[PDB]
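Please read the structure below before turning to the comments.
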Amino acid sequence: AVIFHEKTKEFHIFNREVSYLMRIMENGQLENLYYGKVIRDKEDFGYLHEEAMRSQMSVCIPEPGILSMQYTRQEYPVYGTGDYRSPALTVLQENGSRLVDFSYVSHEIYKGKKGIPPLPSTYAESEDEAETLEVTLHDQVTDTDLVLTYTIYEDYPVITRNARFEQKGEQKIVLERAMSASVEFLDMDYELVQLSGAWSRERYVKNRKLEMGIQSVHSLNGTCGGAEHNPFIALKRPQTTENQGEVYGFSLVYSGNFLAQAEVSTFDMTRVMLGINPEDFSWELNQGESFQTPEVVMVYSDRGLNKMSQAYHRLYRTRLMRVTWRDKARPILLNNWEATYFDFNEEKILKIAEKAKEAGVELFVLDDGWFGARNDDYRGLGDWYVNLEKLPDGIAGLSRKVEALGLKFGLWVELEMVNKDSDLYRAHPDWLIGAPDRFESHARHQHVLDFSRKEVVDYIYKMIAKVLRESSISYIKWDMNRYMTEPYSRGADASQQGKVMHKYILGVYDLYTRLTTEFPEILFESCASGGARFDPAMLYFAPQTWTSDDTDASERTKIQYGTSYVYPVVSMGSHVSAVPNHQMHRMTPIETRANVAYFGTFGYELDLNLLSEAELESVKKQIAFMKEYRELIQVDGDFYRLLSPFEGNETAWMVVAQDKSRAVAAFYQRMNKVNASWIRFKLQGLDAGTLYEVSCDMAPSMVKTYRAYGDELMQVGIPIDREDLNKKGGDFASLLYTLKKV
Amino acid sequence: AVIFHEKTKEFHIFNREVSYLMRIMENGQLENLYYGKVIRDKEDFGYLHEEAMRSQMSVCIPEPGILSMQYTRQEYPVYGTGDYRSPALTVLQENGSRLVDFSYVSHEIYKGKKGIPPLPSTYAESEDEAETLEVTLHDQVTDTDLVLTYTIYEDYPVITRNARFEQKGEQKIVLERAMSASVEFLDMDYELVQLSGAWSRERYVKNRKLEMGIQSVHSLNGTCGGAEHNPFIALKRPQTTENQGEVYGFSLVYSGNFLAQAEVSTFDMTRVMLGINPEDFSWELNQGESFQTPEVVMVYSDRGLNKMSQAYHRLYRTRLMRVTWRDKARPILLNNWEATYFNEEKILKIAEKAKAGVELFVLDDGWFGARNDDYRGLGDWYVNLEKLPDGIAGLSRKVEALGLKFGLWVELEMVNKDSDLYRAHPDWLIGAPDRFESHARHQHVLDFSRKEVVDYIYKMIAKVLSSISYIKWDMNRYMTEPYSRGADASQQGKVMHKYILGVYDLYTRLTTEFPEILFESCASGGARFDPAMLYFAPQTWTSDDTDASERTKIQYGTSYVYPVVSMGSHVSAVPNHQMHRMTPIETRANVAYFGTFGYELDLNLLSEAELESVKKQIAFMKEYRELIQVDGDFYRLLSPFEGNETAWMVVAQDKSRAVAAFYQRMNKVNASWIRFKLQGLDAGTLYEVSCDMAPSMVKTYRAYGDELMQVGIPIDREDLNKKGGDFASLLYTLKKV
Amino acid sequence: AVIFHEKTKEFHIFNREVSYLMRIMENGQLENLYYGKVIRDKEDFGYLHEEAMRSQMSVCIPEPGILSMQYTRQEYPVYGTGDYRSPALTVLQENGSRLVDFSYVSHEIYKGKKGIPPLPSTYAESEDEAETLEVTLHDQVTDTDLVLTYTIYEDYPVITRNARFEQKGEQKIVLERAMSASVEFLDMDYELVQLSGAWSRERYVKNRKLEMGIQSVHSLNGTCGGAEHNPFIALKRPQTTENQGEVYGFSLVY
Amino acid sequence: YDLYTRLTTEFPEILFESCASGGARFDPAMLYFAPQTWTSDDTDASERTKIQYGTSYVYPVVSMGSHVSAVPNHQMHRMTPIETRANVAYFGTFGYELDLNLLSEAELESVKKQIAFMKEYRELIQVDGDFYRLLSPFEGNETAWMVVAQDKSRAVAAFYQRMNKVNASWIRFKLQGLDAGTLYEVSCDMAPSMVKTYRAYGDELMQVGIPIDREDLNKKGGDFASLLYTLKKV
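Residue numbers (this note's numbering), protein chains in the order written: chain A, 2 to 743; chain B, 101 to 837; chain C, 90 to 343; chain D, 1401 to 1634.
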């Protein structure tokens, strides 16, 4: 509950777990007085905020008082009044100046969380799920108005922050830089945690030690956040493992360019900011206009990384996903991409679907190569009508046939790229992104379409709506395969060019808002050559994402471990692939592929009419196993990480029911060893005092079962023979253990 | 030399200890192939470029080719054409686009070194010490021109780089960011070093390990380079301490805002960049206008930190400082700051009593206008007559008669609200309409970006300059509210750089008029200690802390890039006014020797025992000054960091003399046997180590050069109790038999 | 309390904080199963032991068995019967041999704490404050008795150990090594703590990471323990601080 | 052992102290006849600061013998403020080892109030109290102990310094041992070589701590100084 003490001008933000503290300075600026574990509310916290005299210290109050911003923890810093660190805001007037001074005016208080129109954010279904405060600041040299919002969630240790700007004078301004968050700490004995990777290597967990200077991650891709750095930042004490210790986590809800920075000054202070990347960003507000910035979610944990990740999972799964697909399971599908690629026909698709129906697959998805020419990857992408020479009947015929068989239908789309061999290039050549006399940049022989303008979006919607309505698709895979280059918009004036790379992202949002409204029964999945656009946004639109194009059980273990720090289990896509890998060219048991793909959205990518009888009855059995444990793995249960692919060659996962009545756990190893030490496998998150029946199957490439109390598996753990792992394949073995309360 | 292979289109610039190699791409853009230890010449080095097909890769040549700037090692990068990292050059055209396509035209090779017009740099004295390559690049969409200049020295493994822009068309462009140099490698197994600290804590050594992302040091101060971060970074292998290993060092010749960053991508590739901070910098070239960027000096050593620092010292003492003071050794002075904080006879007895052996005297602030406090007028540069009834000329002569010399103290670009100039020119400050002005130390900052203020100050200062032989120029503030009143909206991004240029030109005038005065820089205790200003002032007041145990660390940190002669050190009273610690005279003198020697105490209120200790040490300095400063190679032996001892040693250039020191901080009981391994002697030469082991007798034996390297010099923990307890130090003199 | 399972021959020692499990092997020797946080009692816990087949492994039982000492957690090791690690007991016989093999005979349980007569030790006032277990091992070729004592306190996670020797035979045996206790685990992720110093620098704390081999502190002074090494030792997890983590402490009363 | 045995069995009303050239025989076996031991012949505050920290892992605070020595030290040859010596010597067995005829009432009035303080708090420091170590003399130059009562109604803290820092950072002194919610009165003595007193809840002192000024540590010995805090329930 937010509380205001009038005499001292303090704002207290606190629920049962976290606590915040602010104060009005001698100016109209705010200060940070505390951020962390909850404390008892007491008035006059003013003995905090010490101050003293130092050499060459520039102050910004009248003659007898000295107060420099260099030595105080401000909320929304500026540069030009005495602070020589990095700023967070920058404004240009008509005098050529960049000097601003926002002062406090008033505040508003209420309950529940409101919405920010142009951008997606979390919500609150009831009026008693959150509480919010709004602080307003005014400027007098230029009639600018600034608003800062603070939301606290009840029953969850999360605080949400954003900002807003309004112009109500008669002078135009330029916003060259405007971050979304800024939080400051006194000491520096922290470590920085980030997720860094690349194509088929996304989101590896990396640690750094804080030092004097600046340390940052950023993206300059324009179209997406890219595969290199993921918009998520953590601070953790060096003595904080996954079962205990303190940690702060910051996550940004936005899908384009971003910057996350931590600066440590010489006097040991730390400052962290998250927001848009001010590379080529310059908004150009006039009278009566406005500007809203993406929001940031902050989580504090006092018990290790698992608690913070679980809070992120539950919030993103309940209060961010859409109501329709929030608390429902996910289907088992089959994709024919890797099985046939560009070469296929109607009857081949029917044969594959007929075999898959016998196996038990629930729906069939048709991949690239059903439109335009599509002989190679050089031909028409803007032509979104069915090919007739290669499919004589059309999409409606295939949909009705595969519905008669007993399966559901789905399609693949890439709605924002065009080729030099499409109809739109000859029709409307000047609908691309580029500038005069500038060389075009080709990636996979394709170019990027200009969604800065509504005219192109209407044209794309006209075809997508009419191809979806005259057919029975219930699953759409939206794709993306390019990075943006030469950001120029040929439908804007010379003074509106600093919004292009931003407005493009907006164009990609509202199109979704159309398709998900007209068609509310279609399930969506975002994909960008793997996990290149995988972020807290688009969980508002597409409740699952294709994690990577790797599909290797020896690699997806490491990728999912790194990915599961902030994102829930339900939204991570995963598939079972052919035995000789197209990426590593490795060999892997079917058992371990099934074990790895269980945690996520189960599926298939191979051809089911090409295997052997023993390797097919196992497919049927694992489909049944997923059909049984799907709702425990996905809808009801908390994720726990036990061992890590980093600093080792073993991995271990587990999900437990909320009432501690069921659990499934897994053990994986990467290489093999002889004469090795004994193994004890220690579990987590169970209930001590409950007699659990641990079961496992040890069929080579019989079933063991024994009863043990909750605490014994906690401290002692299950013993694992290294000969059993050598009869389940040596290099990449794995063992799935199931528990029940009886 | 510099060699061009025209059939393969490659540049090779080699030395006796370093080589650089570049190649003109299939475009008109430059790629780096090698930068390191010298390599043998050869034609067709073209197999060192590697291209692969990868997903999400943007190509910038026609369709049947692949070349992506995000996987290449380029020289002056640009954003928005397939490269997705932080660029080096940004420009805003009238269309609103920030896209350019600079391409190659031609080049020129000439021996010698040309001067940068509005900026200071190094120099050569004959067409036999350096050879320069200039490469011209041209943009066609905008009629712009670019130049890159690389200079290679002889007898030193140093390479200098700088760029230049020239607009030669009809349109107008705006340079929103323009660095000086960018360097790329293939590996990320390095460590970044930096010199960080604060007031009275200057330049501590700090090491950081590179990890995927960005790590940097910045400066937003307008007036000076700051006491927090210095313009010097270096990359070292993890196994390199002082005597073996590789290290690269980069240094920037500039005095204002800077940025120095290292960025490592996800494919194990490092780019390092230096230059002016692009925070509020936006230069606005019109037709026919030009822009020059500050120089960058790079040094490479395969022996370690000592070789790199000894190259830096010998380069900055021989080809940077002015010729007149290039040989002469610095004198011993006495300042009165600590003795009296703010009076003629009192500054005439001190002069005579110091005339002990002191060579000259200098007057501190408080001799002008009112200046009864730190509240009165700095804008008045005429002599106060209440304190000095005879002015300055009478005081100067009554001091110069005895044999001493004279020097004064000035602070030329700060103004107080209680001055004559503020009553005569209230709009001559720095500030903006409707905004509050920050007050620091009850003084404000003038506007050197204009010209009439420089002249107005120059007339007054040139008038008062008596029989002066030494001037101390001080600065005591940071810059806030950076807005000018003699400009319009189109030129408000040039104020902070024109401030530095207007600081430089006053130095130029005052030095050119009076070439017989020794200047010493000071910025509230060395907050402007940078490779610039050695062009003008050959020494600087490194810090105000003046404590032996603290200077033991600050001087070790500073000695990474800067020489010894330029490090101003003094001797202060016993209970030091900052830390409030006790320390004997002998160790204070031992600390103060290395550098330029001086004094900051009264000599009265000093007992008879110490007054004879301060005539013997002045005699020692008068004999070893020319070895310590002019002819000597510095060696760092033990670090105050990473331990609890310190050791320096200066050697002569033909291996004939040496002076060594050993400092310790806290006393130790039941400790271990100490050895003292020297560095830089000649193995096949006997010597005669000698240390006066007095209380608070001399041991003088003879031993070969290698015995004093592999074995060491035994030190007795009992000899460390006679010469005080904590903060006890020893001094050694070695001379060939 | 103190519990013995007749069917499986296990001893369970526990209070509200700590827990200790012991089993009698197929020989008379005692083996370790668990030492740590408290557990709920269960009738049997045999699988906690593990045995496999390796190369160059020596067996101490008739041929069908595969039991080996080099790969077991034993409570009082001896050398020359299969183990190639540092022993904790050594004797010399009139024949000049060094080999012994003590086997389980009997055990006794009671409430309280008897004190070793010639040496100082801790005590207890009431009879509910501690509980004691004595295990007797006998040697046959040399009529010798070994008595191992285990005491658990209450309200404190403290367990006390010692060993006593008796000679009821007729010949002469020479004790050339006899330690007081030996505790063995299954993993090596620990740091060792010690207190080292000298005159007027006594007991400076030092930490050292465990590595394959032997690390040991010692005193050879004769008149006193000495200022160099204090008779103490502690094993801690790497992530252990003053307020969180796991640690074991061993203190010797001598 | 049997010499100790007979000597203590014949005379049971005597206190026997054990010393081996400065605590070279400090073992759990020498505390069943002699209940206290002379820790070290250094007696220097800046050295006993580190020595007692290492000692306190296994032996109680009562057995640690402490003394106040001559201010020009005989082992380290160092000058230290008198209140710091007292503060370091409190956490053990108090006592002096100097002549009380070589001091001024300006130094000997402090002794008459140090003795009063120790006589007031010795039943809390020695008999009934749990020892918490907060900061370590290793990896840094700050030390902090603390004593709390089992009733969790009173406590005593201590903060120590080795060197002095100029233009340094801020200081929050976090302590543990108290209870979650219980209003506490915190006091401190302020002399230039008078009394601060505020109130705070138990958890504020733990997560947030106690503010420390660096000019209030540069008045009680610049290079070497120490602070003492008393906490009472009320």
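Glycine residues also receive a C-beta, built at the ideal position from the N, C-alpha and C atoms.
Practice task
Sort 54(A), 314(A), 274(A) by Cα distance to residue 89(A) and report the nearest one.
Solution key: The residue labelled residue 89(A) in the question sits at position 88 within the first sequence. Comparing Cα positions, the closest option is 274(A).
Practice task
On the DSSP bridge assignment, give the partners of residue 1(A) in chain order.
Solution key: Nothing in the structure corresponds to residue 1(A), since chain A is present only between 2 and 743.
Practice task
Rounded to whole angstroms, what's the CA-CA distance from residue 469(A) to residue 411(A)? Just pull it up for me.
Solution key: The residue labelled residue 469(A) in the question sits at position 468 within the first sequence. The residue labelled residue 411(A) in the question sits at position 410 within the first sequence. So the two alpha carbons sit approximately 10 Å from each other.
Practice task
Can you give me, in chain order, the residues of the segment 306 to 332 of chain C that have a beta carbon less than 7 Å from any beta carbon in chain A?
Solution key: 328, 330
Practice task
Measuring only between beta-carbons, confirm whether residue 893(B) sits less than 8 Å from chain D.
Solution key: Here chain B has residues from 101 to 837 only, and residue 893(B) is not among them.
Problem - the segment 621 to 636 of chain B / the segment 681 to 692 of chain B touching (three or more Cβ pairs under 8 Å) - result: no
Handout entry: Start-to-end residues for the beta strand (DSSP E) that takes in residue 251(B)
Key = Along the second sequence, one-based indexing puts residue 251(B) at 151. Its beta strand (DSSP E) spans residues 244 to 253.
Practice task
Would you mind listing the beta strand (DSSP E) stretches within the segment 51 to 137 of chain A that are 3+ residues and don't spill past its ends, in chain order?
Solution key: 90 to 93, 104 to 112
Practice task
Note down, in chain order, each residue of its chain lying with its Cβ closer than 7 Å to the Cβ of residue 591(B), except the 5 sequence neighbours on either side.
Solution key: In the second sequence, the residue the question calls residue 591(B) occupies position 491. Here the set comprises 384.
Practice task
Measure the C-alpha to C-alpha separation of residue 244(C) and residue 106(C) and round it to an integer number of angstroms.
Solution key: Indexing the third sequence from 1 puts residue 244(C) at position 155. Indexing the third sequence from 1 puts residue 106(C) at position 17. Rounded to whole angstroms, residue 244(C) to residue 106(C) spans 8 Å at the Cα level.
Problem - Proximity below 8 Å, CB of residue 120(C) to CB of residue 164(C) - result: As a first step, residue 120(C) is located in the third sequence; it is residue number 31 there, counting from the start. As a first step, residue 164(C) is located in the third sequence; it is residue number 75 there, counting from the start. It is a contact, given that the beta carbons lie within the stated cut-off.
Exercise for the section: To the nearest angstrom, report how far apart residue 540(B) and residue 318(B) are at their CA atoms. Expected result: Mapped onto the second sequence, residue 540(B) falls at position 440. Mapped onto the second sequence, residue 318(B) falls at position 218. Taking the straight line joining both Cα atoms gives about 22 Å.
Exercise for the section: Use the C-beta contact count for residue 1401(D): other C-beta atoms within 10 angstroms, 16 or more gives buried, fewer gives exposed. Expected result: Position 1 of the fourth sequence holds residue 1401(D). Exposed.
Practice task
Determine, using beta carbons only, whether residue 1538(D) comes closer than 8 Å to chain C.
Solution key: One-based indexing of the fourth sequence puts residue 1538(D) at position 138. Closer than 8 Å: yes.
Handout entry: Supposed close pair residue 1623(D), residue 1563(D) - CB separation, criterion 8 Å
Key = Against the fourth sequence, residue 1623(D) aligns to sequence position 223. Against the fourth sequence, residue 1563(D) aligns to sequence position 163. Yes, they are in contact, since the Cβ atoms of residue 1623(D) and residue 1563(D) sit about 6 Å apart, within 8 Å.
Practice task
Hey, could you find the ends of the beta strand (DSSP E) residue 23(A) is sitting in?
Solution key: Taking the first residue of the first sequence as position 1, residue 23(A) is located at position 22. Residue 23(A) -> beta strand (DSSP E) spans 19 to 25.
Handout entry: Chain-ordered residues of the segment 240 to 271 of chain A with a beta carbon less than 8 Å from chain D
Key = 268, 269, 270
Practice task
Could you have a look at residue 627(B) and say whether DSSP puts it in helix, strand or coil?
Solution key: Here residue 627(B) refers to the residue found at position 527 of the second sequence. Reduced to three states, the DSSP call for residue 627(B) is coil.
Problem - Contact belief for residue 255(A) with residue 232(A) at Cβ below 8 Å, rounded distance in angstroms - result: On the first sequence, position 254 is the one that residue 255(A) refers to. On the first sequence, position 231 is the one that residue 232(A) refers to. Indeed they touch by this definition, with Cβ atoms about 7 Å apart.
Practice task
Apply the 10 Å Cβ neighbour rule to residue 1530(D) and answer buried if 16 or more other Cβ atoms are within range, or exposed otherwise.
Solution key: Position 130 of the fourth sequence holds residue 1530(D). Exposed is the call here.
Practice task
Check residue 241(A) in the structure and name its three-state DSSP category.
Solution key: For the purposes of this step, residue 241(A) is taken as the residue at position 240 of the first sequence. Note: residue 241(A) maps to coil in three-state DSSP.
Exercise for the section: Compute the Euclidean distance between the alpha carbons of residue 127(A) and residue 116(A), then round it to the nearest angstrom. Expected result: As a first step, residue 127(A) is located in the first sequence; it is residue number 126 there, counting from the start. As a first step, residue 116(A) is located in the first sequence; it is residue number 115 there, counting from the start. Roughly 14 Å between the two C-alpha positions.
Practice task
Report yes or no: do the segment 542 to 549 of chain B and the segment 511 to 527 of chain B share at least 3 C-beta pairs separated by less than 8 Å?
Solution key: yes
Handout entry: residue 557(B) beta carbon less than 8 Å from that of residue 619(B)
Key = Here residue 619(B) corresponds to residue number 519 of the second sequence, with the count starting at 1. Here residue 557(B) corresponds to residue number 457 of the second sequence, with the count starting at 1. Against a cut-off of 8 Å, the Cβ pair of residue 557(B) and residue 619(B) comes out as no contact.
Practice task
Taking only beta-carbon positions, decide if residue 577(B) is within less than 8 Å of chain D.
Solution key: As a working mapping, residue 577(B) is identified with position 477 in the second sequence. Cβ-Cβ to chain D under 8 Å: no for residue 577(B).
Handout entry: Members of the segment 661 to 693 of chain B near chain D, C-beta cut-off 7 Å
Key = 678, 679, 680, 681
Exercise for the section: With DSSP as the reference, please indicate the residues paired to residue 284(A) in a beta bridge. Expected result: Taking the first sequence and counting its residues from 1, one reaches residue 284(A) at position 283. Looking at the DSSP assignment, residue 284(A) forms a beta bridge with 176(A).
Exercise for the section: Could you check what DSSP says for residue 1601(D) in three-state terms: helix, strand or coil? Expected result: On the fourth sequence, position 201 is the one that residue 1601(D) refers to. Coil at residue 1601(D), not helix or strand.
Exercise for the section: Starting from the beta carbon of residue 314(B), find every residue of chain A whose beta carbon is closer than 8 Å, and list them in chain order. Expected result: Position 214 of the second sequence holds residue 314(B). Simply 215, 216, 217, 218, 219.
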